[PDB]
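Consider the single chain below, provided in structure tokens and representing the form deposited in one PDB entry.
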């Protein structure tokens, strides 16, 4: 689909499974509106968040609930969640992958944006 999220675990060397991911879109009135959400699969990936028809240009926030993930693994972590804010631009046909690599006191995120 146009938007995928993948989450990896740097402490156990594994995909981060069953992580809640929320996508919000900035609405015309400058509030965050719920856009899509889901939980990562056993490969750490979350597919099927949205469709080409629903995913329009705008400012999006991807919120990953890293706190609940770590607690389910027996870890009480530093961050409340990991979040990523970015603009989706139509200049071409695009697909976005937001990936995050998690540790208890750190995270990395990157975006892969490709043209089909």
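Take the two forms, superpose them, and find the largest set of C-alpha atoms that agree within 1.5 Å; that set is the rigid core. Numbering follows the first chain given and starts at 1. Shifts are known only where both forms have a C-alpha.
Beyond what is shown, the protein has a form deposited in another entry; the following relates to that form.
In a core superposition between the shown form and the other one, the Cα of 76 is the only one among 51, 76, 87, 43 shifting by 2 Å or more. After superposing the rigid core, the Cα of residue 26 is displaced by less than 2 Å between the shown form and the other one. Relative to the superposed rigid core, the position of the CA of residue 61 differs between the shown form and the other one by less than 2 Å. Taken over residues common to both forms, the rigid core alignment between the shown form and the other one yields 66-80 as the one run of three or more consecutive residues whose Cα atoms shift by 2 Å or more.
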